[PDB]
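I have placed the structure first, in the form of structure tokens, so that the comments after it can refer back to it.
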4 protein chains.
Amino acid sequence: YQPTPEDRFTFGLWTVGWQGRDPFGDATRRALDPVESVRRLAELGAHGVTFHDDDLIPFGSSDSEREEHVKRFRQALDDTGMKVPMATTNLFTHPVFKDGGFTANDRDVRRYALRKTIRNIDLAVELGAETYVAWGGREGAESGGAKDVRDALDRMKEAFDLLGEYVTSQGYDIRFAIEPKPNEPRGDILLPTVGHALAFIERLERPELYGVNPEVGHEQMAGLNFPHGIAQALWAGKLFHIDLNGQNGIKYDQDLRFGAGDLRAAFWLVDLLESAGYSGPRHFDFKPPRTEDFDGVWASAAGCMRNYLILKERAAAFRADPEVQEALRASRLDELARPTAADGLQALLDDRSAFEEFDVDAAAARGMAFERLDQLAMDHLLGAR
Amino acid sequence: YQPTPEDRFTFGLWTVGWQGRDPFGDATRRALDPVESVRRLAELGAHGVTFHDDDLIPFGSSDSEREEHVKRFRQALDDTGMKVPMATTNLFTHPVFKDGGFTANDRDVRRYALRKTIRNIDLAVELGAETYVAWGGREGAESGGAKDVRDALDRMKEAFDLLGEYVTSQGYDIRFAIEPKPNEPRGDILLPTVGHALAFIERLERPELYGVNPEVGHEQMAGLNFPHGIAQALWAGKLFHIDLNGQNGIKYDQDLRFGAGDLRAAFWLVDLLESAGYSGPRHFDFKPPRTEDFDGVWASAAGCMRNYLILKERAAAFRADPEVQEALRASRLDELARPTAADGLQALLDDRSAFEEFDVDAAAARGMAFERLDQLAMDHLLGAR
Amino acid sequence: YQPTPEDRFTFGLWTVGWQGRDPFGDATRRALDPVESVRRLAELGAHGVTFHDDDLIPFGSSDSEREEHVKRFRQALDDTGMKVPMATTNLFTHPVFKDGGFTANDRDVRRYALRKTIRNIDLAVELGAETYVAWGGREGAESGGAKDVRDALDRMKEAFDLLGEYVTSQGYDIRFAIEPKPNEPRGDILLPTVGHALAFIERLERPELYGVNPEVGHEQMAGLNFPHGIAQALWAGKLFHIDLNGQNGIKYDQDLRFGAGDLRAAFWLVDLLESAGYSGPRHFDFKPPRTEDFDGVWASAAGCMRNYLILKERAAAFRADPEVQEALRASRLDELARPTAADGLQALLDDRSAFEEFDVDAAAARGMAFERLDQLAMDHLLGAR
Amino acid sequence: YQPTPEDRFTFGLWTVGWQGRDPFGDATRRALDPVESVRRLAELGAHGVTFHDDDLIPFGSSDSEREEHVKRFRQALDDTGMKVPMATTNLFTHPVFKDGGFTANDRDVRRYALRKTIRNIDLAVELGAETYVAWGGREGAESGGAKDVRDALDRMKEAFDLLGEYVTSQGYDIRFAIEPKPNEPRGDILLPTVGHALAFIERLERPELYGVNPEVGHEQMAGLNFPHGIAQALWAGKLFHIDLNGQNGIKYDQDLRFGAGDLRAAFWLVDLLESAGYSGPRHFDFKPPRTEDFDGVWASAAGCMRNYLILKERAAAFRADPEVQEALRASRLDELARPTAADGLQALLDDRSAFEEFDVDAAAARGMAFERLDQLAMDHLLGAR
Ligand SMILES: [Mg+2]
Ligand SMILES: [Mg+2]
Ligand SMILES: [Mg+2]
Ligand SMILES: [Mg+2]
Ligand SMILES: [Mg+2]
Ligand SMILES: [Mg+2]
Ligand SMILES: [Mg+2]
Ligand SMILES: [Mg+2]
């Protein structure tokens, strides 16, 4: 189970670079030179890396230092062949963003947030990024009076609309992906789930420029079924990017390596991604636990990719099994894919077999055979067939 | 704090009529004649009632018994002046719906679900219903292989599209409201939150015919902020109906009387509903606990309305307080309502005060004063000012 | 992976016998004759069955019908060789228990609950039960004023103390096991977790007669780590019985088949049960989903046992792997098992290497190597080594 | 509603002193001199302050600087009259504690944790602390193989037993209080709830020296009823100290000011504390949100005390209302307080009115009248009577 760049595995600089600074504790690891991360990730078989503006260029850098950091970074890309498919803006670390970026109550902060974003979009295009992610981590509230949510959604739409005006006026080939999260670091965050972000996008001036970047652990922090949410995003045509990691239920955002947390949900996610032909990056937004030293960092990152590849093989074996294919017919998955009333409304109204002569007791007595199917899926996952 | 029909308080027949049958226990109350509920609710000051088809007409009734039940019901409406603003279909109780109604794997069940719905839409229009609610309680899955969610969303869209074809071909003035719920009775339910339903509606043939019917306890079963979700629905123009009740966090659907559960969320909900001028029914979907006899049923129903009216007075006092209005300015709620860049993109790019000469340290040091505002809201809620 | 009675797999009559009646729906399966369940479970390789008094003897049966039901049941045991290791009382279904059994506010109900329990203890001893389980499903509250919890704990202690007086005065060799649950069907239930029950037992007159019967899904309804809780119960010497099933996070009590829900928690549970030498029944308290017919019932029950046996093999392979054993030493699990200060308090105070000359920076820089260990456990679970 | 030192309100130095450093953001406030906090808290009417060793004496201070910091602190106590009722050890911030303090896998860290604790116990006694709190924030695991929980409980017992040997050998009049928390910063923390800590204490050599320090938000992070848990702790005689704050359901540990979060739970908590005559400190472990400047810090701290005092008045008015007292009799709270069978086991067995002649249908038809009682409590809380 060895990854190749063909597998399109990508990592954020801030992931393997996380120093272990948590709400109750100081850092446990020194900082990583972004050049060193690129080289170690290329050795592990990764396809590319992603970045926040502030990961690459330390905040408040002069134009000249800015240029040094980019040229060093670009040289590591050329030496390794690594790509940069995605980039994003840090609108959450600096104290100025304590009430948000695009939806801060203070107008001058909102204008500053836009300028900081536009500057990094230029840089992301230069480095070849296809997707630009927006995580509004500080957009939200701890108390109800602090934020009028209708006004804040007006400001949020205004920000995204101007960003789309900029990329089209510049003739850039880049698309935006909104990343939802229900809470943390704010008490409640705006657009808290995949569904709220999809709904919001349909009100933008240019909906076709925006999609979602869902993260495994984020939807699970609301107790939701992550493969169900990904299916709705694919159904809407909006799965532009995806963040893979692990999460053990409803609690703080753990960012465990992918495959940890809910293992069966990971199995059904890979099954969905592979059968639907998702072709974007398989990005890992995770944190090697602060118990680890640098050898444990690279072991954890390696494990993300290995676990995806094992699950890919198990899901492919599950769908190819003739015994599973007959189980799928036994549970009538084939009939789910068939139109309910392609004969049309009027034919439906006149069809006595649909109501007057429908035998409800006969239909009700039919078992769905879902438990035998699910045990076949379990046996496959576990390699017990 | 006495309700009048002017307050537009409505109750489902299945609410005060719930016999106490729960997963682990038999009924504790006899059944209520729907005529008797209408009269007792009219005495308490309610504006109207709602119904499932199977609440009013017991399942499998002949055409003749059907007509008797409707005429008895209509007579109670005329005697009391009570209205019927909303109606809905039971697609969850009969065993035939064990894998869903509109998204059952079996095609013939899906056709039967549509015919059962269309029959009740005719009856709801006859009784003057403005809104027709759809709660897909059985649309979902306990296991991942059992339901292809993309296919099921195709079937769900097909069902709602045909329903909209029917109402427009009949020239009916009625609109649909989808009611989301994350889980129970299925392990995960499709369209699990307000956001997922709003997103789904934008893919229907005739989006303008569909809105949402959110329920307090349902969004709280996912840990979400219910007033935030209602604000997004109002922002989208889709709050057609609302279900009020109480819920104590993430657990089974409690359906406590309104005001129980999360009291401060109820305060902020009423504040939002009243300041935005929501003018639809204030519907209570609740269950008097099975510890209660019939006197406790009517006490619980009375309490729903009383608690709304107390919170309405407290929220109105909060917004009218000049001290609160200056606190709102101190926290810059006025600046949130102001466009970020009405001067436009190009003016923003050239505005040096927005980036090159923005003093981030000065902006960052400004306190938001959110805690003083929130304590003013607490004092108001508690009547301690 | 075929079960034998040697594996000590047991099932409740109410499990495979559940008709599918849930809060929102009627039954989907006919009732099962307890004789028929015993025979079908013996065919699947189960070791035995358990019962509530009301599962075996329908409520309100005359003495004569009572005797018929027992003799029929006993004959099925003798024909099959099946055992009855555990029994329990239904103090939750009849409306009389709507405010609880042992802690009902009405004194006469509490006395009735005790008499109903004592009658079934006699029957359980006759049938050879070793353990008598108490699940206080109705002991709790929906509102805060309804129950003084100190008084209710007094009543709860009084009930359990009298039950222990009865078994010792009768010279019975049977022990009690309290089954915790955080909520449902009450809004909050008393003794909501394994920890609260262990604490409560230490206040009984005869603590040695009482232990816990924890259930997988119940502790997970509070977001807790079920293997951690089982370890604390083993540590205290109180794991008398255990209920195995599956649960997908914090929501209504799903009672999925064992191995469904949180798969990695099931792996770590079996690892703990097997390495600690738990020798009691492996009882399954689960519900075949109501989507299923009777063939799906037996497939689901079969799956409970299969999944335990697959996980037993994987956990045994994990602990026997020399590479894992060196990984365990690398993470210092061996040092965790060693006393911190067997040299004693005074030696500790004088040990300069423990404080004055302790190199905190050297200790802090040591990686725990926990991620490599956990990936070895994942590879083992998945059969990828 | 003005606090006096008589009200016994206390604050941690780390509370009003929190700089706003969260997992995703830098500090938003400068550090507070502990002398300045003591003076500002004395002005607000607080009774006293608490501290971690590392709050008062910066880590790694020489003996001489140590003495300066204590003398400065003591002078502020003498100038203000403020007390120090409680103290605790920081065994979570320094990287050396990344796998725990008392249960770290590395033996030498465990010995260091004990020495660091013993040093601060000496200082707490000098300053007059009555209670010494232990929060094992790093005792736990992110993965299942990393910690054998039985071994870790052995080490945990060994640590607490040696601490009790030290205080008794020194003739100190101080008691220990264990503070539970379910998770964060570890994935699961040992002794995760009030119940698990009470159970654990009964296995210590000297149980009478140990009690619990429960925190509002911590039990709510597991979805538990905090007033129920406090009642069990009072029932066991182990409520030595309590931490008051606010929490909005199951998510990261918010540490909102007291009265925020679940308002009705706060009402029932104060009702319980006041009616049971809890006489220890009313300690606030909270965090002024990082949106706030220093004026907002003191407003938030003031609000903690105000909200306790408003709720104290409302709960006292509720219990003194004759209409409530008759409602309590109507719901049979008086009968809950009465022994179930003071006549004894044999009298119970022979009492035909308890079983043979018990009218279950008559008892079952009695309403509990719990909803009318709860609405009286709501009206009282809201000042609507
Ligand atoms: Mg995350
Ligand atoms: Mg992410
Ligand atoms: Mg509900
Ligand atoms: Mg509803
Ligand atoms: Mg259960
Ligand atoms: Mg059970
Ligand atoms: Mg806390
Ligand atoms: Mg605390």
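Ligands are numbered from 1 in the order shown, chains are lettered A, B, ... in the order of the structure tokens, and residues start at 1 in each chain.
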Within 9 Å of chain B, which residues belong to chain D? Use only C-alpha atoms and report them as a tab-separated table (two decimals) with N, CA, C and O atoms, in the first residue's frame.
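out-v9.tsv was written with the following content:
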```tsv
chain	number	residue	atom	x	y	z
D	28	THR	N	-5.08	38.41	23.05
D	28	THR	CA	-5.68	39.70	22.76
D	28	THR	C	-5.57	40.69	23.92
D	28	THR	O	-5.96	41.85	23.76
D	29	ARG	N	-5.08	40.25	25.08
D	29	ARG	CA	-4.90	41.12	26.24
D	29	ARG	C	-3.51	40.89	26.82
D	29	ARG	O	-2.96	39.79	26.76
D	223	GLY	N	-23.22	15.90	28.27
D	223	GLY	CA	-24.66	15.93	28.17
D	223	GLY	C	-25.39	15.60	29.45
D	223	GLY	O	-26.59	15.33	29.41
D	248	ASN	N	-22.60	25.94	26.54
D	248	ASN	CA	-23.72	25.75	25.61
D	248	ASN	C	-23.64	24.36	24.97
D	248	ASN	O	-23.30	24.21	23.80
D	249	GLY	N	-23.94	23.34	25.77
D	249	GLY	CA	-24.05	21.98	25.24
D	249	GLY	C	-22.71	21.28	25.03
D	249	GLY	O	-21.68	21.64	25.60
D	250	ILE	N	-22.75	20.26	24.16
D	250	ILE	CA	-21.65	19.32	23.99
D	250	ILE	C	-20.73	19.87	22.90
D	250	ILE	O	-21.06	19.81	21.71
D	251	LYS	N	-19.60	20.43	23.31
D	251	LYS	CA	-18.62	21.03	22.41
D	251	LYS	C	-17.39	21.34	23.25
D	251	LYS	O	-17.30	20.90	24.40
D	259	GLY	N	-24.32	31.71	34.66
D	259	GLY	CA	-25.62	32.17	34.22
D	259	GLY	C	-25.78	32.14	32.72
D	259	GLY	O	-26.90	31.96	32.22
D	260	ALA	N	-24.69	32.32	31.99
D	260	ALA	CA	-24.77	32.04	30.57
D	260	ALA	C	-24.80	30.52	30.34
D	260	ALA	O	-24.60	29.71	31.25
D	261	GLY	N	-25.07	30.14	29.10
D	261	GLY	CA	-25.22	28.73	28.80
D	261	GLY	C	-26.62	28.26	29.13
D	261	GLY	O	-27.60	28.87	28.66
D	262	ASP	N	-26.73	27.23	29.97
D	262	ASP	CA	-28.03	26.64	30.33
D	262	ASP	C	-28.57	27.37	31.55
D	262	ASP	O	-28.16	27.12	32.69
D	263	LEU	N	-29.52	28.29	31.32
D	263	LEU	CA	-29.98	29.17	32.39
D	263	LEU	C	-30.84	28.42	33.40
D	263	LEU	O	-30.75	28.68	34.61
D	264	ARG	N	-31.71	27.52	32.94
D	264	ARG	CA	-32.57	26.81	33.88
D	264	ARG	C	-31.78	25.85	34.75
D	264	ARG	O	-32.11	25.67	35.92
D	288	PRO	N	-13.33	35.38	30.45
D	288	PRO	CA	-13.90	36.48	29.69
D	288	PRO	C	-13.53	36.29	28.23
D	288	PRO	O	-12.35	36.07	27.92
D	289	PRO	N	-14.51	36.28	27.33
D	289	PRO	CA	-14.20	36.05	25.91
D	289	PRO	C	-13.09	36.96	25.40
D	289	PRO	O	-12.91	38.09	25.87
D	290	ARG	N	-12.31	36.44	24.44
D	290	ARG	CA	-11.17	37.20	23.95
D	290	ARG	C	-11.58	38.38	23.08
D	290	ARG	O	-10.71	39.17	22.68
D	291	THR	N	-12.87	38.52	22.76
D	291	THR	CA	-13.37	39.75	22.14
D	291	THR	C	-13.26	40.95	23.07
D	291	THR	O	-13.39	42.09	22.61
D	292	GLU	N	-13.03	40.73	24.36
D	292	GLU	CA	-13.18	41.78	25.34
D	292	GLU	C	-11.84	42.44	25.65
D	292	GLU	O	-10.78	41.81	25.55
D	293	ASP	N	-11.89	43.72	26.02
D	293	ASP	CA	-10.75	44.39	26.63
D	293	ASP	C	-10.88	44.27	28.16
D	293	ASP	O	-11.72	43.53	28.68
D	294	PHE	N	-10.05	45.01	28.90
D	294	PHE	CA	-10.02	44.84	30.34
D	294	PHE	C	-11.30	45.33	31.00
D	294	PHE	O	-11.71	44.76	32.01
D	295	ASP	N	-11.95	46.35	30.44
D	295	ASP	CA	-13.23	46.77	30.99
D	295	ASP	C	-14.26	45.66	30.85
D	295	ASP	O	-15.10	45.46	31.74
D	296	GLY	N	-14.22	44.93	29.73
D	296	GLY	CA	-15.11	43.78	29.56
D	296	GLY	C	-14.77	42.62	30.48
D	296	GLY	O	-15.65	41.84	30.86
D	297	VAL	N	-13.49	42.47	30.83
D	297	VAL	CA	-13.11	41.44	31.79
D	297	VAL	C	-13.86	41.65	33.10
D	297	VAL	O	-14.53	40.75	33.62
D	299	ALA	N	-16.47	43.52	33.72
D	299	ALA	CA	-17.91	43.41	33.55
D	299	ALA	C	-18.36	41.94	33.58
D	299	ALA	O	-19.38	41.61	34.19
D	300	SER	N	-17.59	41.06	32.92
D	300	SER	CA	-17.92	39.64	32.89
D	300	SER	C	-17.82	39.01	34.28
D	300	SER	O	-18.72	38.26	34.69
D	303	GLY	N	-20.63	40.04	36.38
D	303	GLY	CA	-21.85	39.36	35.96
D	303	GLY	C	-22.00	37.98	36.57
D	303	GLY	O	-23.12	37.55	36.86
D	307	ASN	N	-25.49	37.21	38.62
D	307	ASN	CA	-26.40	36.18	38.16
D	307	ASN	C	-26.66	35.15	39.25
D	307	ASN	O	-27.79	34.71	39.44
D	310	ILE	N	-29.23	36.95	41.61
D	310	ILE	CA	-30.60	36.99	41.08
D	310	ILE	C	-31.25	35.61	41.17
D	310	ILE	O	-32.40	35.48	41.62
D	364	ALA	N	-52.02	3.87	38.11
D	364	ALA	CA	-51.53	4.33	36.81
D	364	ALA	C	-52.28	5.55	36.29
D	364	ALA	O	-51.71	6.37	35.56
D	365	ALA	N	-53.56	5.69	36.63
D	365	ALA	CA	-54.36	6.80	36.12
D	365	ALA	C	-54.10	8.11	36.85
D	365	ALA	O	-54.61	9.15	36.41
D	366	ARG	N	-53.33	8.10	37.93
D	366	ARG	CA	-53.05	9.31	38.69
D	366	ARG	C	-52.03	10.18	37.95
D	366	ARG	O	-50.89	9.75	37.74
D	367	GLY	N	-52.42	11.39	37.57
D	367	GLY	CA	-51.46	12.31	36.98
D	367	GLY	C	-50.43	12.82	37.98
D	367	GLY	O	-50.72	13.03	39.15
D	368	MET	N	-49.20	13.02	37.51
D	368	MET	CA	-48.15	13.49	38.40
D	368	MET	C	-48.18	15.00	38.60
D	368	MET	O	-47.53	15.50	39.53
D	369	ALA	N	-48.91	15.73	37.76
D	369	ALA	CA	-49.01	17.20	37.84
D	369	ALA	C	-47.64	17.89	37.76
D	369	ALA	O	-47.48	18.99	38.31
D	370	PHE	N	-46.68	17.28	37.06
D	370	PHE	CA	-45.33	17.84	36.97
D	370	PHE	C	-45.28	19.10	36.08
D	370	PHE	O	-44.42	19.95	36.29
D	371	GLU	N	-46.15	19.21	35.08
D	371	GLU	CA	-46.07	20.36	34.17
D	371	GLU	C	-46.57	21.64	34.83
D	371	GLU	O	-46.00	22.72	34.62
D	372	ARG	N	-47.62	21.56	35.64
D	372	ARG	CA	-48.04	22.75	36.38
D	372	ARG	C	-46.95	23.20	37.35
D	372	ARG	O	-46.66	24.40	37.47
D	374	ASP	N	-43.75	22.77	36.97
D	374	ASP	CA	-42.61	23.33	36.25
D	374	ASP	C	-42.92	24.71	35.71
D	374	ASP	O	-42.02	25.54	35.58
D	375	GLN	N	-44.19	24.98	35.36
D	375	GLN	CA	-44.54	26.32	34.90
D	375	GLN	C	-44.52	27.31	36.05
D	375	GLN	O	-44.15	28.47	35.85
D	378	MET	N	-40.93	28.19	36.22
D	378	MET	CA	-40.62	29.13	35.13
D	378	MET	C	-41.10	30.54	35.46
D	378	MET	O	-40.35	31.52	35.29
D	379	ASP	N	-42.36	30.67	35.89
D	379	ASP	CA	-42.89	31.99	36.25
D	379	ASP	C	-42.03	32.66	37.31
D	379	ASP	O	-41.80	33.87	37.26
D	381	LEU	N	-38.72	32.08	37.98
D	381	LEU	CA	-37.46	32.44	37.40
D	381	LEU	C	-37.54	33.74	36.59
D	381	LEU	O	-36.71	34.55	36.68
D	382	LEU	N	-38.58	33.87	35.83
D	382	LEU	CA	-38.80	35.01	34.99
D	382	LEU	C	-39.41	36.23	35.68
D	382	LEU	O	-39.56	37.21	35.08
D	383	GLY	N	-39.77	36.12	36.93
D	383	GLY	CA	-40.37	37.18	37.66
D	383	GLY	C	-41.74	37.52	37.14
D	383	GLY	O	-42.11	38.62	37.04
D	384	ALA	N	-42.46	36.50	36.76
D	384	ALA	CA	-43.79	36.68	36.30
D	384	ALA	C	-44.78	36.17	37.28
D	384	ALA	O	-45.78	35.71	36.89
```
Which neighbours of range 62-78 of chain B fall inside 8 Å, counting only C-alpha atoms, when residues of the same chain fewer than 2 positions from it are skipped, and could you give them as a ChimeraX atom specification? /B:34-35,38-39,56-57,60,80-83,127
May I have the selected residues written with C-alpha atoms, as a compact mmCIF listing (two decimals), in the first residue's frame?
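Saved as part-v6.txt:
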```
# COMPACT_ATOMS: atom_id res chain seq x y z
CA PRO B 34 -60.42 15.69 17.48
CA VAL B 35 -63.67 17.60 18.09
CA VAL B 38 -60.63 21.81 18.95
CA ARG B 39 -63.02 22.95 21.67
CA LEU B 56 -58.29 13.13 11.23
CA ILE B 57 -59.28 10.09 9.13
CA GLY B 60 -58.08 2.66 5.66
CA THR B 80 -65.40 27.68 17.59
CA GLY B 81 -64.02 29.95 14.86
CA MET B 82 -60.77 27.94 14.87
CA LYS B 83 -58.73 27.83 11.63
CA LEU B 127 -60.26 23.27 4.91
```
Looking only at the backbone, which of the residues in range 165-299 of chain B does DSSP tag as alpha helix (DSSP H), as a PyMOL selection string? chain B and resi 165-169+194-201+216-220+226-235+263-275+294-299
Counting only C-alpha atoms and all ligand atoms, what residues are within 12 Å of ligand 1, given as an MDAnalysis selection string? (chainID A and resid 14:15 135 137 179:185 213:221 242:248 251:258 284:287) or (chainID D and resid 23:24)
Export of the given selection (C-alpha atoms) as an mmCIF file, in the first residue's frame:
```cif
data_model
loop_
_atom_site.group_PDB
_atom_site.id
_atom_site.type_symbol
_atom_site.label_atom_id
_atom_site.label_comp_id
_atom_site.auth_asym_id
_atom_site.auth_seq_id
_atom_site.Cartn_x
_atom_site.Cartn_y
_atom_site.Cartn_z
ATOM 1 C CA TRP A 14 0.261 23.843 9.011
ATOM 2 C CA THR A 15 -0.470 20.124 9.519
ATOM 3 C CA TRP A 135 -12.666 28.997 6.367
ATOM 4 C CA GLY A 137 -13.274 30.447 11.717
ATOM 5 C CA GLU A 179 -15.226 25.267 4.388
ATOM 6 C CA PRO A 180 -17.986 24.849 7.005
ATOM 7 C CA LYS A 181 -17.499 24.242 10.725
ATOM 8 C CA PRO A 182 -20.210 24.295 13.439
ATOM 9 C CA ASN A 183 -18.195 25.812 16.290
ATOM 10 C CA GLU A 184 -14.700 26.425 17.750
ATOM 11 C CA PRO A 185 -13.097 28.863 18.075
ATOM 12 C CA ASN A 213 -14.545 22.178 1.049
ATOM 13 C CA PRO A 214 -16.071 19.851 3.668
ATOM 14 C CA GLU A 215 -13.947 18.296 6.426
ATOM 15 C CA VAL A 216 -14.653 14.878 7.993
ATOM 16 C CA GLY A 217 -14.306 15.975 11.599
ATOM 17 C CA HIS A 218 -16.298 19.184 11.175
ATOM 18 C CA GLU A 219 -19.580 17.590 10.133
ATOM 19 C CA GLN A 220 -19.047 14.950 12.818
ATOM 20 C CA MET A 221 -18.805 17.721 15.435
ATOM 21 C CA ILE A 242 -12.275 17.826 0.508
ATOM 22 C CA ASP A 243 -10.415 17.697 3.837
ATOM 23 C CA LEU A 244 -9.740 14.211 5.227
ATOM 24 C CA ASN A 245 -9.034 13.505 8.917
ATOM 25 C CA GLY A 246 -10.452 11.697 11.953
ATOM 26 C CA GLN A 247 -12.781 12.709 14.781
ATOM 27 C CA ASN A 248 -14.199 10.786 17.765
ATOM 28 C CA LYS A 251 -16.299 17.345 21.089
ATOM 29 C CA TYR A 252 -13.452 19.725 20.292
ATOM 30 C CA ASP A 253 -11.990 19.479 16.776
ATOM 31 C CA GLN A 254 -9.453 16.653 17.128
ATOM 32 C CA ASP A 255 -7.904 16.545 13.621
ATOM 33 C CA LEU A 256 -6.720 12.962 14.039
ATOM 34 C CA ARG A 257 -5.050 11.237 11.114
ATOM 35 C CA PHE A 258 -7.406 9.930 8.485
ATOM 36 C CA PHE A 284 -5.330 15.885 4.773
ATOM 37 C CA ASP A 285 -6.053 18.588 7.336
ATOM 38 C CA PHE A 286 -4.796 16.842 10.448
ATOM 39 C CA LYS A 287 -2.590 17.338 13.498
ATOM 40 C CA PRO D 23 -6.151 26.984 19.686
ATOM 41 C CA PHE D 24 -6.473 29.207 16.593
#
```
To one decimal place, how far is CA of residue 173 in chain C from CA of residue 50 in chain C in Å?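 Distance reported for this atom pair: 17.4 Å.
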Mind pulling up the distance from CA of residue 176 in chain C to CA of residue 86 in chain C? 9.7 Å
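Distances to residue 92 in chain B were evaluated for C:111, C:47, C:40, C:21 using only C-alpha atoms, and the minimum falls at C:21.
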May I have the residues within 8 Å of residue 241 in chain D as number ranges by chain, using only C-alpha atoms and disregarding those fewer than 2 positions away in the same chain? D: 131, 177, 212-214, 239, 243, 280-283
Using Å and a single decimal, report how far CA of residue 113 in chain A sits from CA of residue 164 in chain A.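 Separation between CA of residue 164 in chain A and CA of residue 113 in chain A: 15.0 Å.
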Excluding same-chain residues fewer than 4 positions from range 138-148 of chain A, what lies within 8 Å of it counting only C-alpha atoms, as a PyMOL selection string? (chain A and resi 91-92+97-105+152+185-190) or (chain B and resi 268+331+333+336+370+373-374+377) or (chain D and resi 289)
Could those residues be written to a file, using C-alpha atoms, as a PDB file, in the first residue's frame?
```
ATOM      1  CA  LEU A  91      -8.251  35.395   8.880  1.00  0.00           C
ATOM      2  CA  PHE A  92      -8.272  33.932  12.402  1.00  0.00           C
ATOM      3  CA  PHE A  97      -9.713  39.202  13.648  1.00  0.00           C
ATOM      4  CA  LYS A  98     -11.142  38.450  17.121  1.00  0.00           C
ATOM      5  CA  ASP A  99     -14.722  39.240  15.959  1.00  0.00           C
ATOM      6  CA  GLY A 100     -14.223  37.850  12.441  1.00  0.00           C
ATOM      7  CA  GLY A 101     -12.843  38.800   9.063  1.00  0.00           C
ATOM      8  CA  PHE A 102     -15.565  39.258   6.437  1.00  0.00           C
ATOM      9  CA  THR A 103     -18.275  39.708   9.128  1.00  0.00           C
ATOM     10  CA  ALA A 104     -16.446  41.675  11.843  1.00  0.00           C
ATOM     11  CA  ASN A 105     -18.684  44.387  13.304  1.00  0.00           C
ATOM     12  CA  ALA A 152     -23.699  39.336   8.836  1.00  0.00           C
ATOM     13  CA  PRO A 185     -13.097  28.863  18.075  1.00  0.00           C
ATOM     14  CA  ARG A 186     -16.351  30.862  18.180  1.00  0.00           C
ATOM     15  CA  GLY A 187     -19.282  29.602  20.251  1.00  0.00           C
ATOM     16  CA  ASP A 188     -21.328  29.160  17.067  1.00  0.00           C
ATOM     17  CA  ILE A 189     -19.867  29.751  13.591  1.00  0.00           C
ATOM     18  CA  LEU A 190     -21.828  31.044  10.586  1.00  0.00           C
TER      19      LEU A 190
ATOM     20  CA  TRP B 268     -33.341  35.137  21.156  1.00  0.00           C
ATOM     21  CA  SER B 331     -20.415  47.045  20.161  1.00  0.00           C
ATOM     22  CA  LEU B 333     -23.900  46.577  15.537  1.00  0.00           C
ATOM     23  CA  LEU B 336     -22.292  45.606  10.807  1.00  0.00           C
ATOM     24  CA  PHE B 370     -20.082  42.047  24.060  1.00  0.00           C
ATOM     25  CA  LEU B 373     -24.421  43.859  26.212  1.00  0.00           C
ATOM     26  CA  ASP B 374     -25.147  40.227  27.070  1.00  0.00           C
ATOM     27  CA  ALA B 377     -30.000  41.034  27.834  1.00  0.00           C
TER      28      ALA B 377
ATOM     29  CA  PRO D 289     -14.204  36.048  25.911  1.00  0.00           C
TER      30      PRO D 289
END
```
